[PDB]
């Protein structure tokens, strides 16, 4: 499991929850409960972020939907769409309920997305 390995490496290094999705669902979860995210449908926010192809960083999110329709209290998050041959095929998400995502995590998701693509 290639996405799982990367998610684990990101968690081990950065210490924040890591999700990786394909076009539909989360396919890798590290740092968070697999029950909460694995195979769950990605949110409209994730879909839009992937469609827009650019990475995003929200330093003061307050609340976010990672799973569609599921409002979650969230301090911050960052998303790196995985774009292969111009087509979004997934995304890498790093988030925290209590810590602030910064350029470290923002670049981490871009790097992860680039490698996974």
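Residue numbers count along the first chain shown, from 1.
A.B. asks: Taking only the CA atoms, which stretch has the higher mean B-factor in the record, 71 to 79 or 53 to 61?
C.D. replies: According to the entry, 53 to 61 carries the higher average C-alpha B-factor.
A.B. asks: Higher mean Cα B-factor in the deposited model: 82 to 90 or 37 to 45?
C.D. replies: Stretch with the higher mean C-alpha B-factor: 82 to 90.
A.B. asks: Split into thirds by Cα B-factor across the chain's modelled residues, where does residue 1 land: lowest, middle or highest?
C.D. replies: It belongs to the highest third of the chain when residues are ordered by C-alpha B-factor.
A.B. asks: Ranking the modelled residues of this chain by C-alpha B-factor as given in the entry, is residue 7 in the lowest, middle or highest third?
C.D. replies: Middle third - that is where residue 7 ends up once the chain's C-alpha B-factors are sorted.
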